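*Asks:* Got a structure for you, questions after.
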Amino acid sequence: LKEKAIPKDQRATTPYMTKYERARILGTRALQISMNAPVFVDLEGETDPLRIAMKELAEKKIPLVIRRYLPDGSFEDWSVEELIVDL
Amino acid sequence: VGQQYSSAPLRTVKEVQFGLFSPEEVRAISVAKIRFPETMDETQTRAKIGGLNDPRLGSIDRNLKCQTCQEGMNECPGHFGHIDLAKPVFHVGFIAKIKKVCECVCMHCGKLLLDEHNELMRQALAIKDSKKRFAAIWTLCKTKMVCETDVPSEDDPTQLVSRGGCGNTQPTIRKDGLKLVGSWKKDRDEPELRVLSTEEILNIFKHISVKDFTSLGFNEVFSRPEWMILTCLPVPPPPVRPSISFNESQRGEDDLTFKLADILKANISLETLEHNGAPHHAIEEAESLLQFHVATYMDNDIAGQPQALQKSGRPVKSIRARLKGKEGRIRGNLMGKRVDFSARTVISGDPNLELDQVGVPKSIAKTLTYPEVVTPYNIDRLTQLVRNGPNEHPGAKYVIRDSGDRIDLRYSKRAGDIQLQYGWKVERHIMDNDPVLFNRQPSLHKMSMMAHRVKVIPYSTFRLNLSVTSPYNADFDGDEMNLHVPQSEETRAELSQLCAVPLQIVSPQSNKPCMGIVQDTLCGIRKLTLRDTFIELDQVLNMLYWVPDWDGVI
Amino acid sequence: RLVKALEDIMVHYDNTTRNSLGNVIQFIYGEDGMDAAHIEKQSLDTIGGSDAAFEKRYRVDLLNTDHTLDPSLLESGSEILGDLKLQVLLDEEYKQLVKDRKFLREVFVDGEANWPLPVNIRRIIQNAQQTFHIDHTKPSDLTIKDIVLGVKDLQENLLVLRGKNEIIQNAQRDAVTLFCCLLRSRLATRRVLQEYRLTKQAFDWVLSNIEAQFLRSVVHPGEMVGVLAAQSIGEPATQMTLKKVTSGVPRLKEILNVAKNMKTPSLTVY
Amino acid sequence: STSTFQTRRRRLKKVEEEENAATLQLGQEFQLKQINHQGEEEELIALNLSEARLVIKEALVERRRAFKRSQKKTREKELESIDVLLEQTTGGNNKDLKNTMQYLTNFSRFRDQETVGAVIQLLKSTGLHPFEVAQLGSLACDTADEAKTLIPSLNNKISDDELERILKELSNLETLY
Amino acid sequence: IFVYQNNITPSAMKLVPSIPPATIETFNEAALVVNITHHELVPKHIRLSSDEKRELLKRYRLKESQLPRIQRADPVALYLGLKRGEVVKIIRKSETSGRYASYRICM
Amino acid sequence: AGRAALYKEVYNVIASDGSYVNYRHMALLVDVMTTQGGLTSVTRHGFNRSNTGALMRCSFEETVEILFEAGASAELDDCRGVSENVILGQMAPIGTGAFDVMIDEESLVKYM
Amino acid sequence: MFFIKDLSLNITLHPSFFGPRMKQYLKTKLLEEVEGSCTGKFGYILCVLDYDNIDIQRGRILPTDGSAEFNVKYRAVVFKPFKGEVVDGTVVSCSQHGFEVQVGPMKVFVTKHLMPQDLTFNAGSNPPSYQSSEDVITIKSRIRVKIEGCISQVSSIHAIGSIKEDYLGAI
Amino acid sequence: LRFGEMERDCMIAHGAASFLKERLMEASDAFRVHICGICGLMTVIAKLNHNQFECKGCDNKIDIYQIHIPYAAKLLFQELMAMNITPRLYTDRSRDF
RNA sequence: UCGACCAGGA
DNA sequence: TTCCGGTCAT
Ligand SMILES: [Mg+2]
Ligand SMILES: [Zn+2]
Ligand SMILES: [Zn+2]
Ligand SMILES: [Zn+2]
């Protein structure tokens with residue numbers, strides 16, 4: 001506002017997921033899971049949300065998009081799918 | 001938070017527009033005339049007079065009414081009132097400027113004292129920094145004391161160009177107490193000392209030009225110089241100056257509620273002089289009293305001594321005082337607060353806990369609670385905790401249902417009863433392995449606060465592992481420590497994923513690990529090492545059994 | 001104070017260090033974008049040492065009975081002696097380790113060769129070692145092209161900044177320079193074969209790790225570096241329990257205040 | 001509520017709320033120059049009854065359709081035919097739409113998406129403003145006076161003869177019953 | 001460039017900014033005895049074309065203000081004679097990464 | 001070169017003690033102190049006078065004094081300052097919050 | 001007079017519905033909270049057009065509860081009477097103070113003393129009416145009114161209109 | 001207990017964003033007030049029942065938001081107003097950047 | 001029940 | 001600097 005929206009191409013941020021990001025995705029997703037949201041993985045018997053999240057986050061089956069904002073305000077959009085998760 | 005749904009959309013604050021109240025607005029906003037200075041007793045009859053606090057404003061006595069706004073006490077923030085002064089008064093805090101402004105503009109016609117015509121001025125008009133224009137402009141025209149009517153343009157100093165008129169000499173000004181006085185020099189000799197009436201100043205300002213405002217650090221919409229002078233006074237509502245009742249038949253009024261009371265009084269008294277035996281200047285002896293109170297109410301730690309002591313010699317808490325750093329609002333209520341879901345006791349070492357653990361005493365774990373949300377995944381386990389009661393350990397002490405209502409597990413004739421509902425919350429006790437933020441002040445480290453695993457233990461102490469000792473910088477010579485308990489599935493995550501002690505092991509403050517091995521374990525690890533030191537079967541076996549991850553290979 | 005004065009400073013997603021205004025304070029956190037946590041004192045071997053010893057270690061001359069790699073090291077040993085097309089890469093390399101030397105001696109005038117740097121290479125190899133039970137006996141199987149051309153292909157991937165342009169991609173090179181000097185210092189043909197008998201397998205491994213390990217040592221846009229830095233300085237300030245200069249605590253106080261009249265004024269003229 | 005594609009920067013003093021009159025001065029939300037979602041500009045959208053009856057029906061219809069792709073996983077004659085299209089794709093409690101279709105379908109002036117097309121192609125050569133180019137379509141007018149008086153915003157925007165011609169071609173396109 | 005000895009009269013100096021575009025500078029002898037840029041500490045600076053600058057900005061998404069600044073009377077800013085608005089690129093050695101590129105705009 | 005000294009000096013203060021601080025920190029500070037123009041002090045005299053918002057500076061050494069001239073000069077606060085939000089009770093743009101999260105309805109279908 | 005304005009709305013979805021056909025639910029709700037609404041700045045919202053290409057954009061997750069908030073951009077048919085606007089509708093109610101005509105989703109009221117004079121009011125009629133020399137106005141009788149003024153309110157809009165000018169009255 | 005200033009500075013260093021807010025809001029103050037979308041104040045006369053909202057003066061009834069802020073903060077604000085200073089709470093930035 | 005002082009803990 | 005009983009009294 002779309003001049004403040006950067007193309008999937010021309011993209012420049014870190015190809016890898018920041019420790020904060022994942023920290024939050026996991027939480028956020030855990031929170032949602034705990035809210036009786038839908039779970040996108042077979043729970044191998046798990047019953048703890050943050051535990052379920054960690055799983056969802058390993059099969060990269062998490063429907064979330066991290067929108068990284070830049071100093072000037074324009075942002076980049078990445079998907080848990082894309083983002084490499086080293087750590 | 002607050003409770004009771006509101007069909008009003010919810011957003012976060014994005015900008016804070018700072019401004020000054022325009023008498024006209026102050027009026028519009030207000031819902032209270034506020035004429036009387038008294039508090040209540042409609043002739044001792046208890047209630048509240050349409051005078052001060054609640055002439056339609058907020059309330060007390062646990063009674064809905066807040067202008068039908070109901071909701072009552074908790075929910076009805078205050079509803080400012082006002083109070084039409086008698087004669088314009090300064091603003092204890094703005095006097096500085098109000099003065100520095102006149103020194104920048106001459107009365108009678110009220111306009112700048114240096115146009116684009118004076119070059120030194122040009123440079124001071126390009127600077128885009130309210131704080132800086134006005135700091136250079138002032139420096140430039142505080143000296144010139146003659147409202148020039150004709151100045152030499154960008155050409156010959158021979159030819160004189162015209163602009164605004166009225167050379168009425170400009171008086172230098174000085175500050176005596178809460179008033180502005182200036183001398184006008186007369187040549188032929190000797191000064192002319194007269195007091196600058198607010199009524200006057202205020203006027204000169206009202207006439208200052210639109211582009212003149214702005215040129216000087218101001219804003220046509222949010223802060224016109226003319227507003228630094230108080231015409232109408234906003235009246236903070238109870239919740240700002242609450243009372244304190246010792247049941248009934250007594251009092252409990254707040255400091256502020258008094259300064260208004262005074263300001264009010266000192267106001268009326270004035271009024272009843274300009275419509276009666278007005279010995280002209282036996283009034284400006286009672287108009288200084290208003291400027292005073294309406295000053296002191298806001299600021300009470302000035303240069304001109306008079307502290308405005310309140311019968312008993314007690315200073316008087318001025319509004320300013322309430323915000324003044326540390327112990328007060330901004331720094332002591334906002335930047336730092338008291339909080340719930342917290343505990344603290346004495347710490348002691350325990351060579352039997354893993355690093356990232358922390359022993360919490362059954363006492364506490366039965367006190368501190370964590371809101372879990374009933375889910376098919378737990379329904380079972382959770383219903384058991386509830387059943388269990390808030391006295392056994394692994395248990396809980398509060399069930400809350402969609403219908404925003406708290407079931408107190410220790411009284412509710414239905415304690416034993418209760419079938420949970422997917423969607424309800426069951427505030428339970430802290431349990432083994434509930435991530436918590438532990439900490440020992442003074443906190444000057446990331447590490448002075450780390451997430452630990454909760455290990456409910458007997459006896460009354462926060463039992464922490466030794467090696468996580470040096471980070472907090474704690475001994476057990478009677479040292480105390482604080483524990484905070486997360487609250488949202490996502491909060492915990494923020495602890496366990498960024499603050500967990502195991503993570504803090506290597507520190508950035510010195511790119512080297514920040515926890516080691518001490519005392520015994522250290523002293524001992526050396527001895528146990530020495531070539532000279534051997535161990536026989538019977539024992540080498542026990543030692544092996546001790547490392548929990550022994551591959552079972554003697 | 002230190003704190004309140006740097007609250008607002010964090011590493012933004014561009015890898016710049018700014019505050020609430022967006023005022024760049026550092027274009028690359030710490031002038032290298034590395035998270036302090038992933039750092040260890042390594043030694044830039046290329047610095048110290050007699051000009052004499054430097055040769056005996058990094059110099060490889062394929063046109064010399066006494067300055068070539070003995071075929072007891074490389075598999076393609078004998079079939080290399082004399083090759084002229086290789087002695088060009090082999091000379092390119094050396095002219096570089098040498099440009100390196102002079103460069104460091106221009107930065108760390110002290111001669112001190114031990115500095116904090118991401119990716120501990122010493123160990124990363126130490127593992128390569130006993131991970132593939134490498135025998136200091138039989139000869140390697142690395143092409144000289146294998147080594148030199150892979151070490152060059154490594155640096156291309158140690159990305160700190162990413163940008164799709166010159167100004168940016170130019171900072172990249174900058175913010176990596178030192179590290180590489182250390183890199184080339186430890187992955188120079190002679191070394192890689194005579195000191196730590198690496199196999200093609202080991203080498204290709206050592207590289208892969210240095211890359212990933214590096215990429216991890218970068219700083220995470222999000223790290224609230226200001227508060228961090230503040231404490232990191234203000235903390236060891238409290239522990240300060242106390243040749244005739246102004247001293248600690250009071251002096252630091254003197255510095256933060258930018259006081260015109262400091263107790264000791266001194267001035268050392270060489 | 002339901003924001004409207006134009007963030008008018010309200011700086012404190014909200015006082016100038018003009019009148020609403022056939023002086024073609026409609027609230028700020030209906031200037032001739034409004035904004036489309038794509039971010040483009042676009043002329044206001046003036047609907048004359050029976051032209052609306054068709055837009056609505058048109059969507060209410062194509063709704064019932066995409067309401068079944070997913071399901072798997074003559075005057076008095078149209079009153080009954082529409083009541084159904086509601087009790088199928090409407091909220092049912094939208095008592096307004098019910099009453100909007102009756103009205104919209106009773107006082108309508110055209111049955112063919114072809115007839116309504118020409119009406120438009122016609123009036124759209126006037127250079128008149130959308131609101132007029134609406135009233136002209138939904139209001140019977142024999143004289144230029146019946147017209148230029150029930151739509152005073154016209155008055156000087158078109159010769160009486162011309163406007164009279166237009167009115168002729170309207171009763172000539174006006175579908176029977 | 002005018003090199004005075006002990007000083008210039010306050011009556012004279014007020015005649016420099018009276019003939020644009022041309023510009024004049026005042027330097028004292030005693031101050032030029034040694035070149036400051038030669039000092040151990042002072043790193044080398046570099047002027048930037050109003051082309052190279054309009055770039056630096058675009059490439060970082062910076063506004064003129066967010067840029068680190070150098071004083072219009074700063075020793076080196078005079079050595080090179082910048083002008084309010086000109087940007088200097090400061091390249092220095094670093095114990096974290098050999099060289100580090102910094103930019104300083106002027107006020 | 002001043003920066004160079006200012007740092008060198010600060011580095012010595014921590015070295016005289018036998019302690020160690022990774023450049024970057026002392027640097028960062030030494031840098032915050034320099035950028036602006038010359039030697040801005042870490043005191044109510046300097047830094048807490050910068051263009052930073054009001055509410056922020058407001059929480060250190062001058063509070064009301066500062067707030068007063070804020071509405072008098074009709075300042076505008078960005079609310080980008082850690083402080084700014086802590087005062088409002090909103091999540092600060094800090095690590096965890098240096099970005100936003102969204103449910104991509106699209107990807108929310110390929111998952112099943 | 002009826003319009004087709006481009007509006008938008010923000011819905012807050014609970015994580016519960018973070019299903020497969022979420023899009024489906026959103027839209028569904030968009031409609032629950034729009035079709036049939038009323039405003040002073042949009043008037044009567046009657047129908048959401050192009051049900052299918054309704055833009056949802058990516059919704060963002062709030063941050064204390066997983067509820068997401070999408071800015072559903074849409075387009076629909078509105079209708080907000082004006083002062084001076086002329087319209088015709090069917091009368092509904094009729095008293096001794098005038099009759100009320102129903103122009104679409106709205107009800108415009110005409111005052112006994114806002115009509116002509118030769119038009120009196122007959123009480124003992126069944127159903128209740130207003131007689132003239134040659135005209136008769138009651139229930140079903142269609143009228144064409146001139147909206148003198150508008151008055152917004154709650155979830156509706158009322159207005160007073162006259163039939164005292166020319167080309168106004170019965171048809 | 002008390003989550004004082006230093007304890008804050010630590011969470012900020014940690015990047016523990018949400019956690020800090022949870023301490024400051026939910027586990028303490030946390031209060032819900034209404035605002036005028038026009039004149040950023042607490043004026044709004046919210047009857048949260050008959051959904052009426054008003055705000056005579058800036059005279060509204062339509063543009064009204066609702067926010068969550070530390071009660072202390074509300075006070076900070078009201079106190080400032082009593083000092084005739086106006087802090088405007090706006091739900092959308094208009095200064096860009 | 002808002003406070004101020006004194007004594008004391010790491 | 002930070003964080004954490006008793007007395008007197010208004
Ligand atoms: Mg101790
Ligand atoms: Zn109320
Ligand atoms: Zn004058
Ligand atoms: Zn308002």
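Letters A, B, ... mark the chains of the structure tokens in the order given; residue numbers begin at 1 per chain; ligand numbers begin at 1, in order shown.
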Residues of chain G were defined as contacting chain H if any atom lay at most 10 Å from it, counting only C-alpha atoms; please report them as a list in words.

*Replies:* residues 39, 40, 41, 63, 64 and 154 of chain G

*Asks:* Go ahead and save the residues from that selection, with N, CA, C and O atoms, as a compact mmCIF listing (two decimals), in the first residue's frame.

*Replies:*
# COMPACT_ATOMS: atom_id res chain seq x y z
N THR G 39 -26.65 2.44 7.58
CA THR G 39 -25.73 3.46 8.07
C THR G 39 -26.16 4.83 7.58
O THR G 39 -27.02 4.94 6.72
N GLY G 40 -25.55 5.87 8.12
CA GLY G 40 -25.90 7.19 7.64
C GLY G 40 -24.97 7.49 6.49
O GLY G 40 -25.30 8.25 5.58
N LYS G 41 -23.80 6.86 6.51
CA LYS G 41 -22.81 7.10 5.47
C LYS G 41 -22.81 6.08 4.35
O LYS G 41 -21.95 6.11 3.48
N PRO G 63 -2.87 -11.11 18.65
CA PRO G 63 -1.77 -11.70 19.41
C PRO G 63 -1.95 -12.03 20.90
O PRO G 63 -1.07 -11.73 21.71
N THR G 64 -3.07 -12.64 21.26
CA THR G 64 -3.30 -13.01 22.65
C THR G 64 -4.22 -14.20 22.62
O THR G 64 -4.30 -15.00 23.56
N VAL G 154 -30.80 4.25 14.11
CA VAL G 154 -30.60 2.82 14.36
C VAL G 154 -30.21 2.02 13.12
O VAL G 154 -29.12 2.18 12.57

*Asks:* Can I get the residues close to ligand 2 as a VMD selection string, where close means within 7 Å and we count only C-alpha atoms (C1' of nucleotides) and all ligand atoms?

*Replies:* (chain B and resid 57 to 58 66 to 67 69 to 70 76 to 79) or (chain H and resid 45)

*Asks:* Which protein, DNA or RNA residues have an atom within 8 Å of ligand 1, counting only C-alpha atoms (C1' of nucleotides) and all ligand atoms, as a PyMOL selection string?

*Replies:* (chain B and resi 474-479) or (chain I and resi 10)

*Asks:* Include N, CA, C and O atoms (P, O5', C5', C4', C3', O3' and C1' of nucleotides) and write out the residues we just selected as a PDB file, in the first residue's frame.

*Replies:*
ATOM      1  N   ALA B 474      24.115 -15.395  42.960  1.00  0.00           N
ATOM      2  CA  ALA B 474      23.464 -15.631  44.226  1.00  0.00           C
ATOM      3  C   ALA B 474      24.210 -16.633  45.084  1.00  0.00           C
ATOM      4  O   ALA B 474      24.908 -17.513  44.573  1.00  0.00           O
ATOM      5  N   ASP B 475      24.057 -16.462  46.395  1.00  0.00           N
ATOM      6  CA  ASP B 475      24.635 -17.332  47.413  1.00  0.00           C
ATOM      7  C   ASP B 475      23.382 -17.773  48.164  1.00  0.00           C
ATOM      8  O   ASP B 475      22.270 -17.400  47.775  1.00  0.00           O
ATOM      9  N   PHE B 476      23.543 -18.573  49.209  1.00  0.00           N
ATOM     10  CA  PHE B 476      22.397 -19.025  49.980  1.00  0.00           C
ATOM     11  C   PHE B 476      22.435 -18.473  51.409  1.00  0.00           C
ATOM     12  O   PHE B 476      21.704 -18.938  52.283  1.00  0.00           O
ATOM     13  N   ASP B 477      23.286 -17.470  51.625  1.00  0.00           N
ATOM     14  CA  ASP B 477      23.426 -16.822  52.917  1.00  0.00           C
ATOM     15  C   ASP B 477      22.142 -16.084  53.289  1.00  0.00           C
ATOM     16  O   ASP B 477      22.153 -15.113  54.046  1.00  0.00           O
ATOM     17  N   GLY B 478      21.023 -16.557  52.754  1.00  0.00           N
ATOM     18  CA  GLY B 478      19.745 -15.937  53.052  1.00  0.00           C
ATOM     19  C   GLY B 478      19.224 -15.127  51.893  1.00  0.00           C
ATOM     20  O   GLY B 478      18.355 -14.274  52.073  1.00  0.00           O
ATOM     21  N   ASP B 479      19.759 -15.404  50.707  1.00  0.00           N
ATOM     22  CA  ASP B 479      19.378 -14.696  49.496  1.00  0.00           C
ATOM     23  C   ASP B 479      17.996 -15.140  49.106  1.00  0.00           C
ATOM     24  O   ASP B 479      17.668 -16.329  49.259  1.00  0.00           O
TER      25      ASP B 479
ATOM     26  P     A I  10      22.250 -10.217  54.797  1.00  0.00           P
ATOM     27  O5'   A I  10      22.285 -10.960  53.392  1.00  0.00           O
ATOM     28  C5'   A I  10      21.103 -11.079  52.659  1.00  0.00           C
ATOM     29  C4'   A I  10      21.481 -11.303  51.219  1.00  0.00           C
ATOM     30  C3'   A I  10      22.753 -10.615  50.704  1.00  0.00           C
ATOM     31  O3'   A I  10      24.044 -11.256  50.866  1.00  0.00           O
ATOM     32  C1'   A I  10      20.954 -10.098  49.306  1.00  0.00           C
TER      33        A I  10
END

*Asks:* Quick check, in Å to one decimal: how far apart do CA of residue 19 in chain G and CA of residue 41 in chain A lie?

*Replies:*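 Separation of CA of residue 19 in chain G and CA of residue 41 in chain A: 13.4 Å.
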
*Asks:* Residues of chain A within 6 Å of chain F, counting only C-alpha atoms, what are they? List them as a PyMOL selection string.

*Replies:* chain A and resi 20+63-69

*Asks:* Would you mind exporting the chosen residues as a PDB file, in the first residue's frame, restricted to N, CA and C atoms?

*Replies:*
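Here's the written file result.pdb:
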ATOM      1  N   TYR A  20      13.424 -15.876  16.860  1.00  0.00           N
ATOM      2  CA  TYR A  20      12.214 -15.262  17.401  1.00  0.00           C
ATOM      3  C   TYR A  20      11.011 -15.773  16.624  1.00  0.00           C
ATOM      4  N   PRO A  63       0.131 -23.568   8.483  1.00  0.00           N
ATOM      5  CA  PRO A  63      -0.455 -22.555   7.602  1.00  0.00           C
ATOM      6  C   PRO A  63      -0.136 -21.104   7.928  1.00  0.00           C
ATOM      7  N   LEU A  64       1.053 -20.829   8.451  1.00  0.00           N
ATOM      8  CA  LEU A  64       1.375 -19.457   8.799  1.00  0.00           C
ATOM      9  C   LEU A  64       2.391 -18.735   7.938  1.00  0.00           C
ATOM     10  N   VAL A  65       2.184 -17.428   7.844  1.00  0.00           N
ATOM     11  CA  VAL A  65       3.034 -16.564   7.051  1.00  0.00           C
ATOM     12  C   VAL A  65       3.625 -15.454   7.875  1.00  0.00           C
ATOM     13  N   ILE A  66       4.949 -15.455   7.975  1.00  0.00           N
ATOM     14  CA  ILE A  66       5.661 -14.419   8.700  1.00  0.00           C
ATOM     15  C   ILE A  66       5.888 -13.252   7.755  1.00  0.00           C
ATOM     16  N   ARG A  67       5.378 -12.102   8.170  1.00  0.00           N
ATOM     17  CA  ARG A  67       5.505 -10.887   7.404  1.00  0.00           C
ATOM     18  C   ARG A  67       6.585 -10.045   8.043  1.00  0.00           C
ATOM     19  N   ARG A  68       7.762 -10.038   7.435  1.00  0.00           N
ATOM     20  CA  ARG A  68       8.899  -9.290   7.942  1.00  0.00           C
ATOM     21  C   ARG A  68       8.876  -7.844   7.518  1.00  0.00           C
ATOM     22  N   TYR A  69       8.785  -6.935   8.477  1.00  0.00           N
ATOM     23  CA  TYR A  69       8.775  -5.522   8.143  1.00  0.00           C
ATOM     24  C   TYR A  69      10.188  -4.947   8.091  1.00  0.00           C
TER      25      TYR A  69
END

*Asks:* Hey, list the chain D side of the contact with chain B: 10 Å cut-off, only C-alpha atoms, answer as a ChimeraX atom specification.

*Replies:* /D:1,11-13

*Asks:* If you keep N, CA, C and O atoms, can you produce a file of those selected residues as a PDB file, in the first residue's frame?

*Replies:*
ATOM      1  N   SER D   1     -17.741  -1.601  11.595  1.00  0.00           N
ATOM      2  CA  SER D   1     -18.859  -1.148  10.710  1.00  0.00           C
ATOM      3  C   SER D   1     -18.677  -1.674   9.295  1.00  0.00           C
ATOM      4  O   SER D   1     -19.181  -2.741   8.960  1.00  0.00           O
ATOM      5  N   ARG D  11      -8.504  15.571  10.725  1.00  0.00           N
ATOM      6  CA  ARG D  11      -7.674  16.252  11.705  1.00  0.00           C
ATOM      7  C   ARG D  11      -8.500  17.074  12.689  1.00  0.00           C
ATOM      8  O   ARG D  11      -8.679  18.279  12.517  1.00  0.00           O
ATOM      9  N   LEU D  12      -9.029  16.391  13.698  1.00  0.00           N
ATOM     10  CA  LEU D  12      -9.788  17.006  14.782  1.00  0.00           C
ATOM     11  C   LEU D  12     -11.095  17.773  14.529  1.00  0.00           C
ATOM     12  O   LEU D  12     -12.144  17.372  15.035  1.00  0.00           O
ATOM     13  N   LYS D  13     -11.045  18.868  13.768  1.00  0.00           N
ATOM     14  CA  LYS D  13     -12.244  19.691  13.527  1.00  0.00           C
ATOM     15  C   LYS D  13     -13.259  19.213  12.482  1.00  0.00           C
ATOM     16  O   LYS D  13     -13.362  19.782  11.389  1.00  0.00           O
TER      17      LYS D  13
END

*Asks:* Could you give me the residues within 6 Å of ligand 3, counting only C-alpha atoms (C1' of nucleotides) and all ligand atoms, as an MDAnalysis selection string?

*Replies:* chainID B and resid 106:110 147 166

*Asks:* Show me, as a VMD selection string, the residues of chain H whose atoms get within 7 Å of chain B, using only C-alpha atoms for the distance check.

*Replies:* chain H and resid 1 to 7 10 13 to 14 16 18 to 19 23 to 24 27 to 28 30 to 32 43 45 to 48 51 56 to 57 64 to 67 72 to 73 75 to 76 78 to 79 82 to 93

*Asks:* Distance limit 6 Å, reference ligand 4, atoms considered: only C-alpha atoms (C1' of nucleotides) and all ligand atoms. Which residues make the cut? Give them as a PDB file with N, CA and C atoms, in the first residue's frame.

*Replies:*
ATOM      1  N   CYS H  36     -12.474   8.381  20.762  1.00  0.00           N
ATOM      2  CA  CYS H  36     -13.148   9.083  19.676  1.00  0.00           C
ATOM      3  C   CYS H  36     -12.184   8.912  18.510  1.00  0.00           C
ATOM      4  N   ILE H  38     -12.019  10.635  16.131  1.00  0.00           N
ATOM      5  CA  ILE H  38     -11.744  11.995  15.680  1.00  0.00           C
ATOM      6  C   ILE H  38     -10.740  12.743  16.560  1.00  0.00           C
ATOM      7  N   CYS H  39     -11.125  12.964  17.816  1.00  0.00           N
ATOM      8  CA  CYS H  39     -10.304  13.646  18.812  1.00  0.00           C
ATOM      9  C   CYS H  39      -9.844  12.552  19.769  1.00  0.00           C
ATOM     10  N   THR H  43     -13.045  10.727  26.104  1.00  0.00           N
ATOM     11  CA  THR H  43     -14.364  11.344  26.107  1.00  0.00           C
ATOM     12  C   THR H  43     -15.537  10.365  26.006  1.00  0.00           C
ATOM     13  N   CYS H  55     -20.223  11.098  21.983  1.00  0.00           N
ATOM     14  CA  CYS H  55     -18.990  11.793  22.310  1.00  0.00           C
ATOM     15  C   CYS H  55     -19.176  13.253  21.925  1.00  0.00           C
ATOM     16  N   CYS H  58     -16.869  16.453  19.918  1.00  0.00           N
ATOM     17  CA  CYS H  58     -16.232  16.072  18.660  1.00  0.00           C
ATOM     18  C   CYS H  58     -17.463  15.479  17.985  1.00  0.00           C
ATOM     19  N   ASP H  59     -18.542  15.416  18.769  1.00  0.00           N
ATOM     20  CA  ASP H  59     -19.832  14.854  18.366  1.00  0.00           C
ATOM     21  C   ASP H  59     -19.742  13.683  17.399  1.00  0.00           C
TER      22      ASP H  59
END
